[PDB]
Amino acid sequence: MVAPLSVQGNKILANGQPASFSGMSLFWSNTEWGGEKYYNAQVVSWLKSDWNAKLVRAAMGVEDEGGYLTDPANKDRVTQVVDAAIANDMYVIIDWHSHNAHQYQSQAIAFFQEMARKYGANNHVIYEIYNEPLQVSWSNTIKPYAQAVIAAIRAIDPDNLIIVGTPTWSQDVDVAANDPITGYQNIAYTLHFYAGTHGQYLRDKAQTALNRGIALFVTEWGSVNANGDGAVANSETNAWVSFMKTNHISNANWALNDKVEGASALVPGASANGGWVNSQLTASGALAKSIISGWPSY
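Counting from 1 along the sequence shown, just add 1 to a position and that's the residue number in the working numbering.
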């Protein structure tokens, strides 16, 4: 049984102590976007057995073409991954993979209510309600949306973590920390980085947020450039890894996918059902597996 997770100040706790978990993000769930083939039980069990992953993220597209708003089959793919995470005793992040979620509050509420009713009794579930807000106000745009969605989840699932996206593609955790979400337990805040583009400047905003007493979760990170492509930046990735290990920050690498781009963990044609030998991982994938499998035990 995975531990129920909670927040106290800047820490996510398991069994009364800071704990952190490392794994992979799936790519966009969207129909015809390629990554959908990896949303299955075999992939989830392989990530556990071969990568020693403790976490998987289901990245459910929303207003993007082929996403949940126009194609509900996206949610069936999410369900497959959630069921498989629970069966494999892995945490699972249910991600509303939107850039504009404040426009779709009632849809988000209805979706997270269903997810909470069905899955809320499990320790495994982590709700991520707003992937990557753009250059929009924390106080006036994101936080009202978050308050409403959190109220709806908490009425059903009083405990399990809810992770809230932050301004500028989930960079401005320092801004969120000056106006945190109150009145509900076990709320944390999203930080996203790509080590080819982001370094100490972004680490400093993260440190500021931590010092101001909010907890961070890296629901998405890449070893490559911020556009999802380019060379693996080994040195800067190791810097980010140390930062996350020091501060007990959970992390999901982008992405378990076979598209030709730097962020893909897999070569094109890597099997939809797992079993990948090392020579079928990309430089990004091999580094991701190394970080995940070497993540602290707790």
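Just so you know, even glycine gets a beta-carbon here, dropped at the ideal spot from N, CA and C.
Here the alpha carbon of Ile110 sits roughly 32 Å from the alpha carbon of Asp259.
When C-alpha distances from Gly67 are compared across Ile151, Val268, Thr32 and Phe112, the shortest belongs to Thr32.
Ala152 is classed as exposed because its beta carbon has fewer than 16 other beta carbons within 10 Å across all chains shown. Residue pairing for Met61: DSSP places it in a beta bridge opposite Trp97. Classified as buried, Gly263 has 16 or more neighbouring CB atoms from the shown chains inside 10 Å of its CB. Buried is the label assigned to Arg78, since at least 16 other Cβ atoms lie within 10 Å of its Cβ. The C-beta separation of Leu211 from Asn254 comes to about 21 Å, leaving the pair out of contact by the 8 Å criterion. Looking at the DSSP output, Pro19 sits in a beta bridge with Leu14. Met245 is a Cβ neighbour of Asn252, given a cutoff of 7 Å.
For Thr209, the enclosing alpha helix (DSSP H) stretches over residues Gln201 to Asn212.
With distances taken between CA atoms, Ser291 lies nearest to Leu48 out of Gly270, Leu48, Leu27 and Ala42.
When DSSP reads this structure, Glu221 sits in a beta bridge with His193.
By DSSP's assignment, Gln9 forms a beta bridge with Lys12. Pairwise C-beta distances place the segment 271 to 278 in contact with the segment 34 to 51, as three or more of them are shorter than 8 Å.
DSSP, reduced to helix, strand and coil, places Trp47 within a helical segment of the structure shown.
Secondary structure note for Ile151: it is in no beta strand (DSSP E), and the uninterrupted alpha helix (DSSP H) holding it is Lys144 to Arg155.
Between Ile157 and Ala189, the C-beta gap is not smaller than 7 Å, which leaves the two residues out of contact. Taking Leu203 as the centre and dropping the five residues before and after it, the same chain places the C-beta of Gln172 and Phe194 closer than 7 Å to its C-beta, in chain order. Take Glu133, set aside five residues on each side of it, and the residues of its chain with a beta-carbon closer than 7 Å to its own are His100, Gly166, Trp170, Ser171 and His193, in chain order. Its Cα nearest to that of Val82, the residue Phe28 stands out among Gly200, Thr209, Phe28 and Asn179.
Residue state for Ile164 is assigned as strand, using DSSP reduced to three classes. About 6 Å separates the beta carbons of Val63 and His98, which is inside the 8 Å limit, making them a contact pair.
The shortest CA-to-CA distance from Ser30 to any of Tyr185, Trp296, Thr198 and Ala60 is the one to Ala60. In the three-state scheme derived from DSSP, where H, G and I count as helix and E and B as strand, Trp241 is classed as helix. Counted as a single uninterrupted DSSP element, the beta strand (DSSP E) harbouring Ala253 occupies residues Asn252 to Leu257. Under the 10 Å beta carbon count, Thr191 is surrounded by 16 or more other beta carbons and is classified as buried.
For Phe113, the CB contacts under 7 Å within the same chain, skipping 5 residues up- and downstream, are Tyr128, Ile130, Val150, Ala153 and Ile154 in chain order.
Counting along the chain, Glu115 sits inside the alpha helix (DSSP H) bounded by residues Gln106 to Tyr120.
Using a Cβ distance threshold of 7 Å, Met25 and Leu257 count as a contacting pair. Shown here, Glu129 sits in a strand according to DSSP, grouped into three states.
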